[PDB]
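A short write-up of the structure that comes next.
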Amino acid sequence: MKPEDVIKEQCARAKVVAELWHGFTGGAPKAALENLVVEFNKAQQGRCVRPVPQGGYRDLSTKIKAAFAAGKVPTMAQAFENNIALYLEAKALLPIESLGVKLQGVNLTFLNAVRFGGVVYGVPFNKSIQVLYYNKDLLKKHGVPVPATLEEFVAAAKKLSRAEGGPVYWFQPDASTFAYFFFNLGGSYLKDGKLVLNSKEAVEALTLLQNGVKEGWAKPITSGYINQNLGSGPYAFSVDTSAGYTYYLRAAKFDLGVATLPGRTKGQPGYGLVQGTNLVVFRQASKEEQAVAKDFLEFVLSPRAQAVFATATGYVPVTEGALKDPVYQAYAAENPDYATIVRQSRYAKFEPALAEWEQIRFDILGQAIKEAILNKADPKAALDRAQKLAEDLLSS
Ligand SMILES: Nc1nc2c(ncn2[C@@H]2O[C@H](COP(=O)(O)O[C@H]3[C@@H](O)[C@H](n4ccc(=O)[nH]c4=O)O[C@@H]3CO)[C@H]3CC(O)(O)C[C@H]32)c(=O)[nH]1
Ligand SMILES: [Cl-]
Ligand code: NA
């Protein structure tokens with residue numbers, strides 16, 4: 001008997017069912033979402049939220065587009081900020097303050113990102129930040145301090161790769177990893193409102209990663225998550241989502257560390273990319289389904305729900321009230337990694353909120369990064385190609 005089974009029974013006895021389409025495939029994120037929905041459904045009479053896994057986030061956005069063409073949308077779904085911009089073109093989303101959900105106390109980093117034309121269209125729910133994961137044992141073995149600067153981080157990667165005979169900074173050749181280096185070399189994606197993928201800082205960021213591969217300190221991870229590759233070869237560092245935390249803990253045969261990101265100087269951590277999702281509410285939903293969603297959104301923003309979800313997963317608590325919750329404070333008192341995730345969350349940058357950004361980040365930018373890293377494409381050539389494909393897509 002698992003939470004998916006409890007929910008099936010809850011929804012069988014409900015007159016009103018609000019479907020919540022998500023991209024959690026398993027692990028602690030899926031279990032923590034199901035536990036929240038079980039607790040919510042217990043407090044209802046004749047109403048329930050039914051979580052529906054749609055595969056990953058890419059599959060979820062595909063399924064939502066198909067659902068619009070079919071006229072069969074769920075009540076709620078997870079959405080990135082760019083997915084919100086796309087659904088607003090279709091006038092598909094209900095303004096959250098029209099349901100009367102109170103948003104006071106939501107982190108303005110997250111709430112500003114869901115505001116379009118001054119109107120809030122999503123509820124931050126599962127919001128992640130990049131952190132520096134590291135191998136405490138391996139850095140201890142060689143007396144290497146946790147690097148606080150990008151210059152320190154490259155030096156440490158070089159030193160430890162030479163010592164252990166293989167590349168110890170592991171990375172996915174993807175848009176998320178590129179964003180870390182790009183933003184911390186002073187990059188910006190929007191130049192006077194135009195999307196630019198081929199700026200000098202983009203070229204510098206991709207060149208830094210390609211050079212790290214060539215110099216023997218950076219290891220491209222081509223199959224699976226970094227946490228699914230641990231155990232083969234020496235590992236010192238990765239720059240990866242906070243929502244990876246439980247996956248790294250389950251996989252690591254070494255003592256896992258979590259640090260803030262290396263920055264240009266010791267005066268501030270590096271910026272991390274904010275990922276994970278908001279909850280949106282579809283206009284097509286019934287008034288009765290929308291009233292379940294209102295309740296469910298006030299519940300997800302409650303300090304206890306945030307405290308339990310964040311401590312279960314490594315997601316960033318999205319409210320001030322969550323950090324004052326005793327369950328959150330008890331976990332943080334025993335495990336400094338929670339406070340590290342919160343500190344890092346203060347130094348946060350977003351990708352562009354363009355309707356076309358999901359296609360661009362994977363199929364255009366992500367492909368240019370893979371060409372340069374995996375096929376030794378010249379960085380500037382690869383990003384020049386990415387710029388022209390993005391401009392053609394944005395024109396079309
Ligand atoms: N569709 C679409 N996806 C986007 C967009 N912007 C960014 N991303 C993706 O957000 C993932 C980060 O979201 P986050 O919720 O922080 O982390 C996820 C999982 O990544 C992570 N996970 C799962 C299994 C595992 O072994 N290890 C692990 O870390 O846990 C969470 C739940 O699955 C990145 C990863 C990516 O999927 O490859 C592409 C990136 C967008 O605009 N659209
Ligand atoms: Cl080994
Ligand atoms: Na393994």
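The first residue in the sequence is number 1, and the count goes up from there. Quick note: numbers below take in every heavy atom, side chains included, and nothing from hydrogens, waters or symmetry partners. Indexing begins at 1, ligand by ligand and atom by atom, following the structure's order.
- For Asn227, every heavy-atom contact with ligand 1 shorter than 4.0 Å involves the side chain, none the backbone.
- For the ligand labelled ligand 1, residue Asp174 lies outside the 4.0 Å heavy-atom shell.
- Under 4.0 angstrom from ligand 1, the non-hydrogen atoms of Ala243 come from both its backbone and its side chain.
- Selection from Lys127, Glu358, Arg361 by nearest heavy atom to atom 43 (N) of ligand 1 gives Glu358.
- Ion pairing between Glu351 and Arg361 holds under the 4.0 Å rule for side-chain N and carboxylate O.
- Each of the atoms 1 (N) of ligand 1 lies under 4.0 Å from some heavy atom of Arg58.
- Nearest protein heavy-atom contact of atom 40 (C) of ligand 1 is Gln275 OE1, 3.3 Å.
- In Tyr225, the part holding a heavy atom less than 4.0 Å from any atom of ligand 1 is the side chain.
- Distances from atom 29 (O) of ligand 1 to the heavy atoms of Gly244, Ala79, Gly26, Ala179 put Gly244 nearest.
- Counting protein heavy atoms only, atom 42 (O) of ligand 1 is closest to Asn82 ND2, 2.8 Å.
- Atom 35 (C) of ligand 1 is never approached by the protein to below 4.0 angstrom, counting heavy atoms only.
- Hydrophobic clustering (side-chain heavy atoms under 4.5 Å, transitive across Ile, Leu, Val, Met, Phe, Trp, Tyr) keeps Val318 apart from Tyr347.
- A side chain to side chain contact (heavy atoms under 4.5 Å, CB included) with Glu356 is found for exactly one of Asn82, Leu195, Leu86, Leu394, namely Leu394.
- Salt-bridge annotation for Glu289 and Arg47: absent, with no side-chain N of the basic residue lying under 4.0 Å from a carboxylate O of the acidic one.
- Per-residue contacts place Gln228 under 4.0 angstrom from the following atoms of ligand 1 (heavy atoms of the residue considered): 26 (O).
- If you number the atoms of ligand 1 from 1 as listed, the ones under 4.0 Å from a heavy atom of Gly276 come out as 13 (O), 14 (P), 15 (O), 16 (O).
- Following chains of ILVMFWY side-chain contacts shorter than 4.5 Å, one can reach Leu111 starting from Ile96, so the two form part of one hydrophobic cluster.
- Under a 4.0 Å N-O distance rule, the pair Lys200/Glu204 does not qualify as a salt bridge.
- The OH atom of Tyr133 sits 11.0 Å away from the CG atom of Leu230 when rounded to the nearest 0.5 Å.
- Using a cutoff of 4.0 Å between basic side-chain nitrogens and carboxylate oxygens, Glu4 and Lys8 are not scored as salt-bridged.
- Atom NZ of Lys388 sits about 11.5 Å away from atom CG of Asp384, to the nearest 0.5 Å.
- A salt bridge links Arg58 with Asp363: the distance from a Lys NZ or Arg NE/NH1/NH2 to an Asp or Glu carboxylate oxygen falls below 4.0 Å.
- Every N/O-N/O distance between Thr25 and ligand 1 stays at or above 3.5 Å.
- In this structure, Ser176 counts as a contact residue of ligand 1, since one of its heavy atoms falls inside 4.0 Å of the ligand.
- Under the 4.0 angstrom criterion, atom 25 (C) of ligand 1 counts as having a protein heavy-atom contact.
- Set against the non-hydrogen atoms of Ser128, the atoms of ligand 1 under 4.0 Å away are 14 (P), 16 (O).
- Atom 4 (C) of ligand 1 has its nearest heavy-atom neighbour, among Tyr57, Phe80, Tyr315, in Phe80.
- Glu164 and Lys141 are joined by a salt bridge, as a carboxylate oxygen and a charged side-chain nitrogen come within less than 4.0 angstrom of each other.
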